[PDB]
Structure formats: C-alpha cells, structure tokens
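In terms of PDB author numbering, the sequence shown opens at residue 11 and continues consecutively.
Structure, as structure tokens:
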Amino acid sequence: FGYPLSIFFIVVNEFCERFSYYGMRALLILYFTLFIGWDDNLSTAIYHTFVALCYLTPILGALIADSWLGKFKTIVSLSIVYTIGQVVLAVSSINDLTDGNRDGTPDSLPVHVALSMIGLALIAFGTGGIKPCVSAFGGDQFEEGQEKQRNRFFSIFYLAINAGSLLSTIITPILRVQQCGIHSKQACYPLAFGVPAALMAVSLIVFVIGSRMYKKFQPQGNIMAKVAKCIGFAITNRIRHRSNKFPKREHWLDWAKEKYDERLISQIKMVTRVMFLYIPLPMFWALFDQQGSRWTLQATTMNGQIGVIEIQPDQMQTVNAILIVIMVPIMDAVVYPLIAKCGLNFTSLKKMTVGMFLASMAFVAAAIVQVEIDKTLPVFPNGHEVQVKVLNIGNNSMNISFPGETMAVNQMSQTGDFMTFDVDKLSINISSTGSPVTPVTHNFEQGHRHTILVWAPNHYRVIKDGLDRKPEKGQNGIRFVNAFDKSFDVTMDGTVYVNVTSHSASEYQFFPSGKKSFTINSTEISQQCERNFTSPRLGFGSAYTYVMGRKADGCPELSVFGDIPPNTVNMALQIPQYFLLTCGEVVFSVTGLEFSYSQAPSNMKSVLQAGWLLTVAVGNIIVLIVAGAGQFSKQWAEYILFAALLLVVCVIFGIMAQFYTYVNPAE
Numbered sequence: 011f012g013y014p015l016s017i018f019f020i021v022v023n024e025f026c027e028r029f030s031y032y033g034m035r036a037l038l039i040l041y042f043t044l045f046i047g048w049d050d051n052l053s054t055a056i057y058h059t060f061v062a063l064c065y066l067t068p069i070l071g072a073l074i075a076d077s078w079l080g081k082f083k084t085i086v087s088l089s090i091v092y093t094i095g096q097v098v099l100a101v102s103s104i105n106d107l108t109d110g111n112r113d114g115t116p117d118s119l120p121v122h123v124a125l126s127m128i129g130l131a132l133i134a135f136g137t138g139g140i141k142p143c144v145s146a147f148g149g150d151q152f153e154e155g156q157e158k159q160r161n162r163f164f165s166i167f168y169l170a171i172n173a174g175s176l177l178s179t180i181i182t183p184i185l186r187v188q189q190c191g192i193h194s195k196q197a198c199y200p201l202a203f204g205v206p207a208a209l210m211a212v213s214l215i216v217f218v219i220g221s222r223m224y225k226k227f228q229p230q231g232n233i234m235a236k237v238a239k240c241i242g243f244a245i246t247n248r249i250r251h252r253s254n255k256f257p258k259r260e261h262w263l264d265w266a267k268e269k270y271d272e273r274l275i276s277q278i279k280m281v282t283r284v285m286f287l288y289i290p291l292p293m294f295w296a297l298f299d300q301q302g303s304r305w306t307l308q309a310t311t312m313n314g315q316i317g318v319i320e321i322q323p324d325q326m327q328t329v330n331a332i333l334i335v336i337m338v339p340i341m342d343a344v345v346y347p348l349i350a351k352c353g354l355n356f357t358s359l360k361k362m363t364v365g366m367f368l369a370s371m372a373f374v375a376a377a378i379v380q381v382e383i384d385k386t387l388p389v390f391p392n393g394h395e396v397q398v399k400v401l402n403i404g405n406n407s408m409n410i411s412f413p414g415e416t417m418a419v420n421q422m423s424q425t426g427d428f429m430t431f432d433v434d435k436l437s438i439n440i441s442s443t444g445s446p447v448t449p450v451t452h453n454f455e456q457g458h459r460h461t462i463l464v465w466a467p468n469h470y471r472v473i474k475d476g477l478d479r480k481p482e483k484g485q486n487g488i489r490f491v492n493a494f495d496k497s498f499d500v501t502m503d504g505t506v507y508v509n510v511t512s513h514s515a516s517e518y519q520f521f522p523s524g525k526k527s528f529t530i531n532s533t534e535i536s537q538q539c540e541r542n543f544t545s546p547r548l549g550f551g552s553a554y555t556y557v558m559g560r561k562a563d564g565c566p567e568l569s570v571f572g573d574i575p576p577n578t579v580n581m582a583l584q585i586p587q588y589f590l591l592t593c594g595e596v597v598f599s600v601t602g603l604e605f606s607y608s609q610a611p612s613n614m615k616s617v618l619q620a621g622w623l624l625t626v627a628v629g630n631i632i633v634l635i636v637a638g639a640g641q642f643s644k645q646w647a648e649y650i651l652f653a654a655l656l657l658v659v660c661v662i663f664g665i666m667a668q669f670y671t672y673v674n675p676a677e
C-alpha cells in the first residue's frame, strides 16, 4: 500500500465519532432512567431535548465556520468542546472528589445534575458541529478519482459507520454493569462514560494535521441572502403601504433585483419548492427517535432473556443496527425485483409512503406488545383497601377462614397470590382440625400489603410489607422469616440482617442479580450444621420470602415463597418492533435523500441536508411537547396516539404525492 494513509485515518475518525455518539445516547437514557430518576417522562423529555439540540447544531456550526473560523479550525475546536463535554459529564457521574478541606458546597441545586446538563449541552454542540464536515470534505478532497478510489472510499466509510454504531451500543451496555475492582464504588456510569472520551481523544490525535495537503472552503449556503430575503419582503409588505403591485411575487422579484438576481435566487425558488414537500416528514422522524427513548424504557421492565445469556436493557438498539446492515444489501435485489412477474412499478414517493406505513405497523405492534406486558404487573392497591396473604410457619396445617372463602394451608406452605379485601369487610378467622376458631384482632392500615404468619391456632401476628412502590429503581428484593424460638442474624453478600426476632420477618433490602450465599448465626442452631445456603435463580424486579424452619434434626432448611414474581415476556417482542421500524427507516431515508437530491442542483446539496436536520429536530421537539406535557396513561396511550398521527400523516403525504409536478434535467 502507498504511504498516504489518509483513508485509514478518516475512516478511524468516523468509527470513533459514531461509537462515542451512540454509546452516549444509550447510556444517557438508561442513566436518566436509573441514577437521577426525576421521572420517566422527564427523562425522555430531557433526552429528546438533547437530540433536538444536537440536530439543530449543524446549521449553526456551518454558519460559524462561514463567519470567522476556518473549516479545520471549526472542526478541531468543536471536537475539543465535544471531548471536554464528555469528560466533564463523566466526572459528574462519579460522586467522589477528594479534598483536603472538609467544606463542600453543592451550590443549591446538586452539582451532579448541573454538570450533567453542562456536559450534555457541550457534547450536543460538538457532535452537531463535527457530524457534517467529514463526508463533504472527503468527497471534495479527490472526487476526480470516481473510477475506484471514490468507490473504495464510499465502501470503507459505510463499513466504518455501520460498525461504529454496533460495537458502541454493545460495549457501552456491557461496561455499564461492572462493579469495578478499585476503591469501593458499586457505581456503573463513570467508566462507561469514560470509555468514549478516550476514542474522541485518539480521533482528535488522528486528525492532528492534514499531512500537508487539504483544501479550503469558506462559503457555505450564503446565509446573508437566506435571511435578507425574508426580512426584505416581510418588512416591505408589512409597513403601512398601498402594495398596489403583486402581493408576494413583486416583492420577491424586487428583492432579487436588490440582491443576488442570478442563479442564486432562481435556485432559492427551486429548493423552496422541494422543501415544502419535506414539511410533513417530522412525524416519521419523531417516531423513530421516540422509539429509541421509550423503547429502552419499556425494555427496562420486560424479562431479560436470562436464557443462556442475559440480553441487558439497552441492547435492542443493537437489534436495530444489525437488521439495518443485514437488510440494506437485501433490499437492493430481493425487494426490488423490478417488474419481475407482476404488474406494478414502485415510485420513490410511494416508497416513502410505504415506509411510513411500515413504521405505523411497528408502533401498533409496540402497543400490542406493551399491552401483553401488563398481563403480569404489581397492582399495589390504592387507599381504603388492604392486600392480605397467609403463610404457615408451624408444624401443622390450619384452615384459614377469609370472608366467604376458607382454604387449608399445609405445613411449610403459603396461600395463593395476594388477595385484596375491603378494610371494613375484612374478617379473617383462624382454626385447625379440632381447635377453636380464633378471629384476627388487628388494625390493617389502608393501602398496604399484609402478610399473616400463623404457627398455632391461637398464635398469629401481622407484618406489613412496605414495598407499595414497586422495586423503586432497585432490581430485586428479599426478606427473611424466622421460624425458630430464638432470633438469628444473617449476612448475605456482605449485608447483615440483625436480630430477626422469633416467629417474625426481617425487613427489605435490595441486592444485585445472580445467586447469593448467606450465613445464618444464632444460639439456637449449633455450628455443626453448615449455616451457608445459596439462593436459587433470582430474577429482575422480583421479591421472595425465605423461611428458616426445622429439619428432622432441626437444622435450618430453605423455603422459597415468592410474593412479587420476576417479570417475564421475552425480548422476542422487541424483535418484530425493531424489524418493522428498521425496514421503515431504511426505505424512507434512502428514497427521500436520493429523490430530494435528484430534484435539486448540485450546488444546494447542503441546503437539503439542513432541511433534513431541521425536520428531525422539529420532530424531536414534537416528541418533547407530547411526552413532557402529556401524562395520562402508560406507553400504550401515546403509542396508539403516535400510530394514528403517523397514519394520518401517511395519507396526507399520499394525497400530496398525487399532486406534484416533479422536475426535469435541472436547467
């Protein structure tokens, strides 16, 4: 190979940039959901504000590059700002800052969240600035060699962007969940945010110099005229005047005489036409980004596919990337067999319409899958009702008499699932074979779950659960229940249960996933029986009750009786969702960019990109004003609402496609 290695250099630049951006996105959503956790709606709102700012930035970056700075200076400065933002956010994620002085001033609102917002704003600025420059500059470098140098360029660059996304998401998710082997930090986010910063550092080192050969491009889009036109006709028509000439045509033509009256204004009219076409696109773009955000939120509460290997909450975007790559080549031949042996030809505008329809199908599938999830969800009753279960810890079976129903609870067994009763209508009676009926005498507080431990017909007690608010942001929980005459203490995974009183229950605390061993110490159980036991498979968001009874020799035996079961649905459902949304994105994006490009002069290729980015940003703002403001129901509500809006936009775009004059060899 030749000494000029610019190809490797720029493709490495692309890899690093995309890697960092997608890692940032995934961890952003899963951390705003988990660590700070203002609210799910607020989290997705902040994520979509970040995305909207990132997609609004590129036009500002191009204007700043046009104004005073140079292309190289602009790109390097924006890369530096992007790296600084990532680093400062990563520092914000870690909570420790060792200081000689003991004085700590959080500056009213927490330093954590404030530094996080500053970092995200900085990285939005940086990414928006750095995104457009590289491809255009590489094309302008040596377009002459279209024969095969240009072809190799495009191929390697495509491989690069595709890979930079996939590895990004997978590796970021993996890193996130790692208890690092350093000074005690059970945190997750510091290292995961730190990793992409190194790639930006290297890429900036990769882009240190131009190897004594580049080219300079100051003018981009002529923003002066683009604002002058608007201010001109608006001011001229607005002021109190006769306006006896043409309402909008004469002023437009006049200002064209005043300023650029040449191909400039002609092509401005040209694009103003193709853009009025873009106008209704926002919904599709809003839907794809809302997808990323709230789907990573819905995947948070599904199953995990423990299977052979856990899938991890934020790896469904990996499904998106994989399918994108695989089908992009498939689409060219299989899905376009030309006329083949049928009677239809398939046009770009109806291709975009079909893409919107496929996206609507993706979101209706999302809605039905979301409904399928609620088949198993902790209800947690509202006030004025209580939720009661009975657990047997004695050596005999009792017949528990609920109002209207009586069931027998065997030795070392529990009743069915939690049953809710009215506070005023609750009357529980306890009796066994040959024993008198003993009614319960306790004041059950409304809106709470109660467990009844019975070891004798005339002996019972009431224990409140106290988890009426789900596993909160935590994963899974556990209690311990004492069936021994004397109390015991247990240390499980380093956490110590202290003085679990006789015939009572221990309090709740959360532990990480996996099998955990515990050691139970008491004066009632001697040292000969090994007091260590290992937990059976523990799921996400679950809670279990462990009862320590007497064996034949009296040594403790394990008793697993779940109250809140682990959530189960299998991410398979996210797979149809992602297949359909992928197909949609592919066809829509490719067709639109090419058709928009085909009906425009080569001179304003950048203006179409600006329109595309503005469309995506407006869609993000729409998702913002829908998600942050509207809080009525679960994911199903806005899923259905977005599907309906997208279908309406699809039919409107079809009608618009029925009436459009196209263009010709642009002349």
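The beta-carbon is built from N, C-alpha and C at its ideal position, and this holds for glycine as well.
Item, Value
"From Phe135, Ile128, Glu157 and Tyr168, residue whose alpha carbon lies closest to that of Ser145", "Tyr168"
"Nearest residue (CA-CA) to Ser53, options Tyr41, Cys64, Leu63 and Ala62", "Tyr41"
"Exposure of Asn330, with buried meaning 16 or more beta-carbon neighbours within 10 Å", "buried"
"Inter-residue spacing [alpha-carbon to alpha-carbon] between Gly71 and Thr625", "17 Å"
"Length-filtered (4 minimum) alpha helix (DSSP H) runs lying within the region 330 to 386", "358 to 383"
"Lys158, DSSP secondary structure in three states", "coil"
"Cβ distance (whole Å) where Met408 is taken to contact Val464 below 8 Å", "6 Å"
"Residues sharing a beta bridge with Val400, DSSP", "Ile462"
"Separation of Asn486 from residue 7, as counted between CA atoms", "Because the chain in this structure spans residues 11 to 677, residue 7 falls outside the shown range and cannot be described."
"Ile20 - containing beta strand (DSSP E), residue span", "Where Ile20 is concerned, there is no enclosing beta strand (DSSP E), although the alpha helix (DSSP H) it sits in stretches over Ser16 to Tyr41."
"Integer-rounded CB distance, given that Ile104 should sit under 8 Å from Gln325", "About 24 Å; that fails the 8 Å criterion."
"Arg283 classed as buried or exposed, judged by whether at least 16 other C-beta atoms fall within 10 angstroms", "exposed"
"Identity of the residues DSSP links to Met408 by a beta bridge", "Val419 and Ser442"
"Cβ-based burial, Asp271 [other Cβ within 10 Å; buried from 16]", "exposed"
"Extent of the continuous beta strand (DSSP E) to which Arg471 belongs", "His469 to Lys474"
"Buried versus exposed, by CB contacts within 10 Å (16 or more), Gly302", "buried"
"Contact check, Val433 vs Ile440, beta carbons under 8 Å", "no"
"Through-space distance from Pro339 to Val661, alpha-carbon basis", "29 Å"
"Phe521 Cβ short of 7 Å to the ligand NAD heavy atom set", "You won't find the ligand NAD in this model; it holds no ligand whatsoever."
"Residue 696 - partner residues in DSSP beta bridges", "Missing from the structure shown is residue 696; the chain here goes from 11 to 677 and no further."
"Residues that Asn531 bridges to, as DSSP identifies them", "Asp499"
"Candidates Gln587, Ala369 and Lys525: closest to residue 4 by CA position", "Summary: the structure shown does not reach residue 4, with the chain confined to residues 11 through 677, and so no result is reported for it."
"Unbroken beta strand (DSSP E) run spanning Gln96, endpoints", "First-last for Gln96: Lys81 to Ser103, but that is the alpha helix (DSSP H), not the beta strand (DSSP E)."
"Cα-Cα separation between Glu517 and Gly404, rounded to whole angstroms", "21 Å"
"Burial state of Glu157, where buried means 16 or more other Cβ atoms lie within 10 Å", "exposed"
"Rounded distance between the beta-carbons of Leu623 and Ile69, thought under 8 Å", "7 Å"
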